[PDB]
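Take a look at this single chain, the form deposited in one PDB entry, given in C-alpha cells.
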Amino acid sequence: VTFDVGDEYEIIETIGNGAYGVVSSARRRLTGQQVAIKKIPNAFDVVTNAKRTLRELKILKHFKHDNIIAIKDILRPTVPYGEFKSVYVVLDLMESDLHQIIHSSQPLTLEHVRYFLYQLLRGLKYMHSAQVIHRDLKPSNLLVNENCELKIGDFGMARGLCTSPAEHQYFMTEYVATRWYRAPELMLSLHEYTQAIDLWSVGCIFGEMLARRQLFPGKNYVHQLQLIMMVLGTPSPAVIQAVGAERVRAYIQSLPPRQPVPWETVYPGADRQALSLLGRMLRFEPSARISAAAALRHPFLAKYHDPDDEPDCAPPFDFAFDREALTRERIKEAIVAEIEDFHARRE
C-alpha cells in the first residue's frame, strides 16, 4: 500500500487520536478533502484483535449518524490474499477530543457543556435504539473536530443485550471498560447489563465537564467504590444482596451508613437544571437512571432539543457474528467480506 502521485491518498502527518491512537492525517488526492487513516497492523495475527477489527467494522458500517464516527473508505487488499496482513480504515478527521478540551486552557462555559452533552446524548439515543451498548464512554473516546462536532468512537468494548459465556468479561464484569467511568453494575456484577451502563458514564463525563476534573478518580477497586459512596451514599440492601462476591459485600457492610451528598454540594454554584439532569444519571440502580432519549427531553437540553432531528436506528444491530467461535483465518475471511461489501454498496 502506497500514498504517492498515482495513489488515492496523500499522507500529511502522523497525529494522535483519543479513540484509535496513531492515525495519519491525509487528503483524498482528487478532492483535497482531509481524512484520518488508521492502519490496523498485523490485524489477523491474534484472535481477540481480529475479532475487535470485525466488530468495529460492522458497528461503524451499521451506523450513519453525525454524532458517531464514520468509515469514509476502506482500502482494498493491494497484494495476494495470503499476503494481506494490515487493514487501512479511512475515517472522519477529528483533531481533538473531550479529554484534551476539558483538560486545557480552552474555554468551557456552561454553554460548551450543554452543547457537548447534547451531541453525546443525541448519538447515544441512536446507538441505544439499535440495541448497542458502548460500555467504554469516556472523554478521550468522544472525538471533537474543528467544526465543534462531537463523534462517539472506539466500539471495541461494545456489546448487545446478549453476550457469549465463552468470553472472559461475561464473569469478570469489573474489568469491562475504564475504572473512573465504570457503572456500579459492572463493578459489582449486579447481573443487569443494559444501555443504563452508558448513562452512568455520561453522568461521570457531564460532572467532569462541569468541574473540569474527574468525578470518581479511584486509585484501585475498593477506592473506586469508596469515592462513589462518599457522594451517592451507602447502596440499598437490595443492591448489596445482588453483589455476588463476599469480600466486596463485606467491605460495603463494614463502613458507617452514609447519606447521599446533594449534587449542589459536590458542585457549588453550578446550574440547577444541569444538576437536576446529572442526578437522574448517577444512581446505583441501572433501572433508576434516566435513558438517553428521556435526557434529550430534559429542560437542561431544551435549547438544542428537536425530536424530528434526533433519530433512532433501524433495524437493530446483531452481535451473533461476534458470539461465534471463529479461528483467526475465518475472522480474516469475514473482514475481507466486510471490505468487499463496503465497496459493493458504493457501486
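Note that residue numbering follows the sequence shown and begins at 1. Residues that one form lacks are left out of the comparison. Just so we're on the same page, rigid core means the largest C-alpha set that superposes within 1.5 Å between forms.
- Checked against the other entries of this protein, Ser164 counts as unresolved in at least one third of those spanning it.
- Checked against the record, the higher mean CA B factor of 40 to 48 and 285 to 293 lies with 285 to 293.
- Just going by the entry, 7 to 15 versus 329 to 337 on mean CA temperature factor gives the higher value to 7 to 15.
- In this entry, the residue among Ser96, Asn147, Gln241, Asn141 with the greatest C-alpha B factor is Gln241.
- The residue among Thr78, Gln131, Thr178, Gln119 whose C-alpha atom has the highest B-factor in the PDB entry is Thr78.
- The entry lists a Cα temperature factor for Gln214 that places it in the middle third of the chain's modelled residues.
- Placement of the Cα temperature factor of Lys72 within the chain: lowest third of the modelled residues, per the deposited record.
- In the deposited entry, the Cα temperature factor of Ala320 places it in the middle third of its chain's modelled residues.
- The entry lists a Cα temperature factor for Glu208 that places it in the middle third of the chain's modelled residues.
- Compared with the other modelled residues of the chain, the Cα B-factor recorded for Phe63 ranks in the lowest third.
Although it is not shown, the form deposited with a small molecule bound is what the next lines describe.
- A single residue from the set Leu143, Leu120, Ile197, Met127 has any heavy atom within 4.5 angstroms of the small molecule in the deposited complex; that residue is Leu143.
- Interface residue among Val113, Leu91, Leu277, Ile228 relative to the small molecule in the deposited complex, by the heavy atom within 4.5 Å criterion: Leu91.
- Across the options 214 to 222, 269 to 277, 134 to 142, 199 to 207, residues that bring heavy atoms within 4.5 Å of the small molecule in the deposited complex belong to 134 to 142.
- The shortest heavy atom separation between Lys38 and the small molecule in the deposited complex is within 4.5 Å.
- Using a 4.5 angstroms threshold between heavy atoms, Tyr20 counts as touching the small molecule in the deposited complex.
- In the deposited complex, the small molecule lies within 4.5 Å of some heavy atom of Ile15.
- For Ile69, a non-hydrogen atom is located within 4.5 Å of the small molecule in the deposited complex, even though that partner is not displayed.
- Superposed on the core, the two forms barely differ at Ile339: its CA moves less than 2 Å between the shown form and the other one.
- A displacement of 2 angstroms or greater separates the C-alpha positions of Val22 between the shown form and the other one, with the rigid core held in common.
- Note: the CA-CA distance for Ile40 and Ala19 contracts in the deposited complex relative to this form, by 3 angstroms or more.
- Between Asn17 and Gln195, the C-alpha separation grows by 3 Å or more in the deposited complex, relative to the conformation displayed.
- 17 to 22 is the only run of at least 3 consecutive shared residues whose C-alphas each shift by 2 Å or more between the shown form and the other one once the core is superposed.
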